[PDB]
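Colleague: There's a structure below that I have some questions on.
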Amino acid sequence: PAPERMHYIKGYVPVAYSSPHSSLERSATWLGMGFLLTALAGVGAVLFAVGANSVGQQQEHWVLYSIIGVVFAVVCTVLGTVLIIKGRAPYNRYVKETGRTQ
Amino acid sequence: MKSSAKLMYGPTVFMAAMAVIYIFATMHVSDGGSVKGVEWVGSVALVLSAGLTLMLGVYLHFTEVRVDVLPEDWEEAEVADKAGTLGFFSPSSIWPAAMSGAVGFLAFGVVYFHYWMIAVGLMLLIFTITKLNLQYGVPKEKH
Amino acid sequence: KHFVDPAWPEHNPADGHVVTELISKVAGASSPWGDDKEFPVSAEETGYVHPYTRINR
Amino acid sequence: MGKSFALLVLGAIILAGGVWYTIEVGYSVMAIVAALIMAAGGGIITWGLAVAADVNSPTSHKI
Amino acid sequence: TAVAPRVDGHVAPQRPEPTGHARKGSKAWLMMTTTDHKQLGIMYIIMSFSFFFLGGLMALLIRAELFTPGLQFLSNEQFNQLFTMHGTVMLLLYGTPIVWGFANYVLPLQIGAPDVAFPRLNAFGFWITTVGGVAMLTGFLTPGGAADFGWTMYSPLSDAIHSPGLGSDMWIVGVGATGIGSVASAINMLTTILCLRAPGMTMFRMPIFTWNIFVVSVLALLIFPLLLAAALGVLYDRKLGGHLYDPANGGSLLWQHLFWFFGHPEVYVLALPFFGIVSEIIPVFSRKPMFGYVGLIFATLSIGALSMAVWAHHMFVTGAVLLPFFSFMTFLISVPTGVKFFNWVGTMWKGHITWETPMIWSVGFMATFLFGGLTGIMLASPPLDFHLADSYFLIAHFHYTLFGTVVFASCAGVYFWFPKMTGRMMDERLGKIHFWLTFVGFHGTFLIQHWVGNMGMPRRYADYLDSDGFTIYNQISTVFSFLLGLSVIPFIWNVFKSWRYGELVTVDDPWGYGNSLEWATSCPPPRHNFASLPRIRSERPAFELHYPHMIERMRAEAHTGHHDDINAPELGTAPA
Amino acid sequence: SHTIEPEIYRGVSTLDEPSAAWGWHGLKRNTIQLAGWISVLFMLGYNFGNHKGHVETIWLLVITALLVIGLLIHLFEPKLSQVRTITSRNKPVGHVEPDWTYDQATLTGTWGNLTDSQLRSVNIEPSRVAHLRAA
Amino acid sequence: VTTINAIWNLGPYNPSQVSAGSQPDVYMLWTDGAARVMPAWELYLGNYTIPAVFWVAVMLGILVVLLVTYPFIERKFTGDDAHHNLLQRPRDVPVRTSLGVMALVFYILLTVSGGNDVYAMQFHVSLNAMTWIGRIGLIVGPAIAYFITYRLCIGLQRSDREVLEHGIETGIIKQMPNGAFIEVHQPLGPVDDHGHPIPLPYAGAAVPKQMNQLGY
Ligand code: HAS
Ligand code: HAS
Ligand SMILES: [Ca+2]
Ligand SMILES: [Cu+2]
């Protein structure tokens, strides 16, 4: 397999998205992206519940809709976030190990 | 092909989430502008769509795990790393147009529902696909 | 011993197979003419005999 | 400018003329004919304006 | 980074010949038999513009008959046939094939491949699309005529019991064949991106047109099988006496759900590639990079995900879909579609804009499409769509929006890549005449339709009463419709004339600041695209190739943050 | 490298039609005119018939108009002059293009005379190249 | 395995009866089609008259006479009266190929118009449209056919010269170190010092176009 880092002289700065340490290939990141997109549906759910309540309907279930909305939103947000961070770990240690960010 | 294989898990997770959400919602929620009950078209459609993206993501990942570090998947590749053979490509072929004509005859037979047209169109289609797939292998004439 | 086709490439046995369903040693399609071949060849060894045709004028 | 203004003059005479005719015809089939005259009038109006819009800042030289 | 030797006896490779110098017999048998992706692309584009003229002629007949209250020359049946076939031709024989034609031409030039993955499958896609067109239009040759149930083919109106003519069958097989063409094209493009990129052309160095073609290939592969399945179910029902779409089987809404699960992703399949063409054009004439490149990729893939969950906002007034779910989903997919405008403004922000024809067409696209999308979010809200569904307001929405993408940005692509395609430029003045005619005619046609739709006119109405109050609006709209129809006369003349007598291109990049890789090769490219390849390091390699003194500057200015890693130490050691 | 020069055979150039020697190539222009105008006359003669509808007549007269304008532009042979303009960053004819890929690979030509900072920005340590260009 | 003339289903002959699709056999359909496409051009000369179906017989006779006299008008217009024993490939003689094809289109349109009512019944075209397709198409169809055929002839011709100049396209695409993609050709004859073939002359015969034809 190819080495961990490649030859950069001083003064050279790359465009380095597909590098081996970039979170755009580490699989955790894209799952976290999926879950972060998915979390917004729970915000939609709680808003639908509260809006239906405010005009006097959905009265037998709007508290349950609010509960499932907020818990779905928060668990998707949380596990998607931590998955993003687990994808972005190698780049962070790269940024520590050398002065290079780009 | 790492990023390509991995970015198929965004839509997979999303479409699976929307499938389960849509299913539970259409069976349990009630509003005055629809009748309660699980909506089967959108259910099957979303789960099979997540199946398609799952299929591509999993096959491409299972391939990626045993392909070498290619120059086109490398940030500082030299242009001379892909020097050599790239592969075989068809230079010319009359049989694509032939196949379109076979499918046209079949489709017009289906339109009018003439049985002989359907038979002849299916015969033409198997013939033209076969001749397409035998193009670069036909023997030299032995006389 | 098991059979191998005479047109089949020889290979390093540690390197698996010439081709398998997931992977190949080429980026496009393998050629019908055997990838072990190197083209072009001499016209003498293609066997094409170019005719000499004269028609009455 | 040149032909710009020329077009803008001609097209107006066409457009007004069609507007005079679409009131005379008035819902028959020839109303369509009137509209076509009006459209051609508007086309030549815009044609003149387009010429102006090109010679305001040409992107090509006659070389 | 290695450096070559200044080799002896070196002279640049020979330039291919431009168009218009052809001897007789040079393209007949080649057309019939070629597997060259770029001749196939030219054929796609010519074919789709011919169908554009057909469908638009149908539309202008519609506008002529709506000019005054009575039925002046059309019947009710013929008016129904006309709007049905106008819709079908413009969406499935102009739109999708021009998408795949532009893809076929420029995509292997953008990623650095010689061919596409499956050349004969590419040829098959072209020919099956042409046969689908011929089949679909053959219905007009019957005595009864074409299909007349709207391009949506709603059931039970599409059952044999309610639409028995043969044209109703021909329409089905037509759309089926066109879908077969699309899936062939989609397979090709996807494999070609996965398997034939150039050295150093990693995924996050491809241009944005390539990324959009990626995601729309995925969408097309999802949806076109489903339309073929549903429509072969309809043809099964009609021919064999089946009952799947029977009304007592819930068949009406079975059809509507299936159709729109195909059909909204299809409008995104038509929108995204032309957003990509505009994202190619805007940075070239601003002399500025494309702003927010990775963010644009994420927005594109976000649309690709969301498009499969927003489908049933075409069914709000059916009283049979869960309203808040699809309303919220539509409100979400509005967000990444709108982020594209912010990125284009960032690409123009304090640039050095020059107004050649493609920049004019692209900014006209932006102005046109903004209003269409603003109109769209009103339909996303069911309280408003209760009044607006199947009104002329909807006509105005999707015409603003489908002209914004598939017409304005299609002409932008034509002007932008005509030099590369042919080796010749087009006449800039005739292009500006085309643009202003199209612009004036278009806004004069479809802006006033918002009002007449809000006022109570439904779509698909052959005839109306002079008491409705609709007459004056229809009259204004039809006058500007004929103007918009005249707009194609300078366009056809410009293409024809410039193809054989146009100004010759002497440079690899006649606009000067070409970002993508297609401007690193000649005009026109050789048979296998590249006589030599440059170093790919940015996402705009051609710019780095032609202006090396800028390669230090852009890397310093790329980010707003105070990144200091141009003073970082050496990394690695030696090998490469 | 080598190319054979063309030859004419009964008025047909081998550059235009390769096998001009082997058979009958190109029937001439006056026969095209004769055939087309006889066919126009027949297309006009069909209007004299016992038929009652004029859909037929519109078809006949449109196809006659197409035939006539076709034969007219065949007779008079229109041509236009090549456009003599310069648009955008296109250069006049006769300008010679450099091979930028070779110039980049070798650090010569258009990539000649790069500052040391510009050489570092492309990952060329200037020590290597100063020995070999601009020494 | 297939009927051809169920005479029992037709019944004996009666001058008063007739059927819808009462066509003749296929080799005669062209004559019937001629009878259908000819307009009602009849001459009334005092006490006499020349029926419209006279011009049918004139037209058919002309076609027949033209067919029997083709070698002689080809001698007039090619200027060749030599003694031949080697055939021509049809691509190498485009005028004759295009004339023959447009005559085949003429004959096929007369045949299809001779059975046009069966066409209309089975594909649901207007029968009036079918006779008008016969009339207008016996002009425009042969012209279109001549043009299409001529250009395809020259294209096949030119495709042969491509391979006698540069050799067979192998389909193998090979990348050079400078980045160039080059397709490997296989020369059919000797080669120049720079690898470019020495172009062979066209010999009237078939030139192979793929490696499998050489036997690889
Ligand atoms: C190229 C083709 C098309 C595109 C793209 C497109 C985009 C949209 N459409 Fe659509 N459309 C609908 C909604 C939208 C929405 C929300 C968007 C969005 O993509 C629009 C987003 C785009 C923008 C350009 C937004 C503004 C941009 C910016 C940058 C500002 C930021 C945005 C904010 C703050 C949100 C806006 C908020 C405001 C308060 C204004 C709905 C329902 O919500 C229906 C069904 C209604 C019915 O059945 O009557 C519909 C119907 C159609 C049909 C019907 C055909 C038929 O006969 O049935 C077609 C062909 C079509 C095409 C296309 N449409 N559309
Ligand atoms: C990409 C997709 C589409 C494009 C582009 C498009 C373009 C137009 N549309 Fe549309 N369409 C309508 C009007 C127009 C007009 C006026 C144009 C224009 O772009 C058309 C002009 C374009 C041309 C390309 C014309 C070429 C002109 C020629 C060939 C003649 C020029 C020569 C002249 C004028 C003579 C010269 C005279 C001199 C004086 C020189 C209307 C209403 O005015 C409706 C609703 C009808 C109803 O009743 O609901 C409609 C319905 C639809 C539907 C729904 C179909 C259904 O409900 O079943 C779809 C999907 C659709 C798509 C598309 N449509 N359209
Ligand atoms: Ca009216
Ligand atoms: Cu939608």
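No value in this document is a laboratory result; all are computed from the given coordinates. Cβ atoms come from the backbone with ideal geometry, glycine included; neighbour counts cover every protein chain shown.
Colleague: Going by what's in this entry, would E:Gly423 be described as out of contact with any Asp or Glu (no Cβ under 7 Å at 6 or more places or on another chain), within 16 Å of ligand 1 (Cβ to nearest atom) and either of a type outside the set (A, V, I, L, M, F, W, C) or over 30 Å from F:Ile86 (Cβ atoms) (or both)?
Modeller: No; evaluated as a whole, the condition is false for this residue.
Colleague: For the structure I just gave you, tell me whether D:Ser57 is over 27 Å from E:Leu504 (Cα atoms), at the interface with chain E (Cβ under 8 Å from one of its Cβ atoms) and either without any contact (Cβ under 8 Å) to a residue 60 or more places away in the chain or part of a helix (DSSP H, G or I) (or both).
Modeller: Criteria not met by D:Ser57.
Colleague: State all residues of the stretch G:154-171 that are more than 10 Å from chain E (Cβ to nearest Cβ) and aliphatic (A, V, I, L, M); if no residue qualifies, say none.
Modeller: Once the filter is applied, which keeps residues that are more than 10 Å from chain E (Cβ to nearest Cβ) and aliphatic (A, V, I, L, M), the stretch G:154-171 yields G:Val163, G:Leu164, G:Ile168.
Colleague: OK, next. Quick check, is A:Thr38 crowded, with 22+ Cβ neighbours inside 10 Å and closer than 17 Å to A:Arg93 by Cα?
Modeller: In short, no.
Colleague: Further, regarding this structure: If you go through the stretch E:387-397 one residue at a time, do you hit one that is away from ligand 2 (no atom under 16 Å from the Cβ) and in contact (Cβ under 8 Å) with a residue 12 or more places away in the chain?
Modeller: Scanning the stretch E:387-397, I find at least one residue that is away from ligand 2 (no atom under 16 Å from the Cβ) and in contact (Cβ under 8 Å) with a residue 12 or more places away in the chain, so the answer is yes.
Colleague: Take the stretch E:279-336 and flag every residue that is within 9 Å of ligand 1 (Cβ to nearest atom) and more than 13 Å from chain A (Cβ to nearest Cβ).
Modeller: E:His313, E:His314, E:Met315, E:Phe316, E:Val317
Colleague: Looking at E:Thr96, E:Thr84, which one is within 15 Å of ligand 1 (Cβ to nearest atom), more than 26 Å from D:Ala39 (Cβ to Cβ) and either surrounded by fewer than 18 Cβ atoms within 10 Å (Cβ to Cβ) or more than 10 Å from every other protein chain (Cβ to nearest Cβ) (or both)?
Modeller: Sole residue among the options that is within 15 Å of ligand 1 (Cβ to nearest atom), more than 26 Å from D:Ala39 (Cβ to Cβ) and either surrounded by fewer than 18 Cβ atoms within 10 Å (Cβ to Cβ) or more than 10 Å from every other protein chain (Cβ to nearest Cβ) (or both): E:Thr96.
Colleague: Across the stretch F:67-101, which residue is nearest to the other protein chains (Cβ to nearest Cβ) among those that are under 30 Å from F:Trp111 (Cβ atoms) and of a type in the set (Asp, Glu)?
Modeller: Only one residue fits best here, namely F:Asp99.
Colleague: Can you tell me which residues in the stretch E:444-491 are crowded, with 16+ Cβ neighbours inside 10 Å, more than 10 Å from every other protein chain (Cβ to nearest Cβ) and among the small types (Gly, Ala, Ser)?
Modeller: If the condition is that a residue be crowded, with 16+ Cβ neighbours inside 10 Å, more than 10 Å from every other protein chain (Cβ to nearest Cβ) and among the small types (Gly, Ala, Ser), then E:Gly453, E:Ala462, E:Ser477 are the ones that fit.
Colleague: I'd like to check something: does the stretch E:62-71 contain any residue that is surrounded by fewer than 20 Cβ atoms within 10 Å (Cβ to Cβ), near ligand 2 (Cβ under 9 Å from one of its atoms), more than 19 Å from the chain's Cα centre (by Cα) and over 20 Å from E:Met43 (Cβ atoms)?
Modeller: Checked the stretch E:62-71: at least one residue is surrounded by fewer than 20 Cβ atoms within 10 Å (Cβ to Cβ), near ligand 2 (Cβ under 9 Å from one of its atoms), more than 19 Å from the chain's Cα centre (by Cα) and over 20 Å from E:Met43 (Cβ atoms).
Colleague: Identify all residues within the stretch E:21-53 that are surrounded by fewer than 18 Cβ atoms within 10 Å (Cβ to Cβ) and within 16 Å of ligand 2 (Cβ to nearest atom); write none if there are none.
Modeller: Passing the criteria: E:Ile46, E:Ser50, E:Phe53.
Colleague: Output the residue which, of all residues in the stretch E:63-88 that are aliphatic (A, V, I, L, M) and closer than 20 Å to E:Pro143 by Cα, is nearest to ligand 3 (Cβ to nearest atom).
Modeller: E:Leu74
Colleague: Still on this model: Take E:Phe543 and tell me if it is aromatic (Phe, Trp, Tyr) and in a helix (DSSP H, G or I).
Modeller: yes
Rundown of residues vs (1) crowded, with 23+ Cβ neighbours inside 10 Å; (2) within 14 Å of chain G (Cβ to nearest Cβ); (3) in contact (Cβ under 8 Å) with a residue 24 or more places away in the chain, yes/no style:
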site: E:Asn494; (1), (2), (3): yes, no, yes
site: E:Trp519; (1), (2), (3): yes, no, yes
site: E:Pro541; (1), (2), (3): yes, yes, yes
site: E:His549; (1), (2), (3): no, no, no
site: E:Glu552; (1), (2), (3): no, no, no
site: E:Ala558; (1), (2), (3): no, no, yes
site: E:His562; (1), (2), (3): no, no, no
site: E:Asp565; (1), (2), (3): no, no, no
site: E:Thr573; (1), (2), (3): no, no, no
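Colleague: Additional query: Suppose we keep only residues that are in contact (Cβ under 8 Å) with a residue 24 or more places away in the chain and either part of a loop (DSSP other than H, G, I, E, B) or among the aromatic types (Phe, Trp, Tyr) (or both) within the stretch G:44-92. Which one would you say is farthest from C:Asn56 (Cα to Cα)?
Modeller: Of everything passing the filter in the stretch G:44-92, G:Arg89 is farthest from C:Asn56 (Cα to Cα).
Colleague: Considering the stretch E:499-514 alone, what residues qualify as being more than 9 Å from chain F (Cβ to nearest Cβ) and surrounded by fewer than 23 Cβ atoms within 10 Å (Cβ to Cβ)?
Modeller: E:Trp499
Colleague: Output the number of the condition that E:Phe298 fails; it satisfies all remaining conditions of (1) touching a residue at least 40 places away in the same chain (Cβ under 8 Å); (2) at negative phi.
Modeller: Of everything listed in (1) touching a residue at least 40 places away in the same chain (Cβ under 8 Å); (2) at negative phi, E:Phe298 misses just condition (1).
Colleague: Further, regarding this structure: Condition (residue is under 30 Å from F:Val93 (Cα atoms) and not in a helix (DSSP H, G or I)) applied to the stretch D:32-51: is it met by at least one residue?
Modeller: no
Colleague: Just checking, how many residues over the stretch E:15-35 are under 18 Å from B:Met99 (Cα atoms) and not aromatic (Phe, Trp, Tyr)?
Modeller: The number of residues fulfilling the criteria is 6.
Colleague: Same structure, new question: Does the stretch E:24-36 contain any residue that is part of a loop (DSSP other than H, G, I, E, B) and within 16 Å of ligand 3 (Cβ to nearest atom)?
Modeller: No, the stretch E:24-36 has no match at all.
Colleague: If only one of E:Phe328, E:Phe285 is in contact with a helix residue (DSSP H, G or I) (Cβ under 9 Å, 6 or more places away or on another chain) and farther than 25 Å from E:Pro510 by Cβ, which one is it?
Modeller: Testing whether each residue is in contact with a helix residue (DSSP H, G or I) (Cβ under 9 Å, 6 or more places away or on another chain) and farther than 25 Å from E:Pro510 by Cβ leaves just E:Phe328.
Colleague: What's the number of the only condition in (1) farther than 19 Å from B:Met15 by Cβ; (2) within 14 Å of ligand 4 (Cβ to nearest atom) that E:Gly295 fails to meet?
Modeller: Answer for E:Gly295: the failing condition is (2).
Colleague: Applying the selection to the stretch C:25-57, what residues are over 16 Å from the mean Cα position of the chain (by Cα), within 14 Å of chain B (Cβ to nearest Cβ) and either under 30 Å from G:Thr78 (Cβ atoms) or surrounded by 12 or more Cβ atoms within 10 Å (Cβ to Cβ) (or both)?
Modeller: Matches in the stretch C:25-57: C:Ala27, C:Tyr48.
Colleague: Which of the residues that make up the stretch E:58-74 are farther than 14 Å from E:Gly150 by Cα and either within 16 Å of ligand 4 (Cβ to nearest atom) or touching a residue at least 12 places away in the same chain (Cβ under 8 Å) (or both)?
Modeller: Those that are farther than 14 Å from E:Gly150 by Cα and either within 16 Å of ligand 4 (Cβ to nearest atom) or touching a residue at least 12 places away in the same chain (Cβ under 8 Å) (or both): E:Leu60, E:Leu61, E:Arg63, E:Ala64, E:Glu65, E:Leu66, E:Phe67, E:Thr68, E:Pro69, E:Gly70, E:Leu71, E:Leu74.
Colleague: Here are some residues: E:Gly174, E:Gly145, E:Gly125. Which one is facing chain B (nearest Cβ under 9 Å) and out of contact with any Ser or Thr (no Cβ under 6 Å at 6 or more places or on another chain)?
Modeller: Unique residue meeting the criteria: E:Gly174.
Colleague: While we're here: State yes or no: is E:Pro108 out of contact with any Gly (no Cβ under 8 Å at 6 or more places or on another chain) and in a helix (DSSP H, G or I)?
Modeller: Answer is yes for this residue.
Colleague: Run E:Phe124 past the list (1) over 22 Å from E:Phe214 (Cβ atoms); (2) among the aromatic types (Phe, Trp, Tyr); (3) more than 16 Å from ligand 1 (Cβ to nearest atom) and report the number of the one that doesn't hold.
Modeller: Every listed condition holds for E:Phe124 apart from (1).
Colleague: Now a separate question. Identify all residues within the stretch B:44-64 that are under 14 Å from B:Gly10 (Cβ atoms) and among the polar types (S, T, N, Q); write none if there are none.
Modeller: Hits for the stretch B:44-64 are B:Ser49, B:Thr53.
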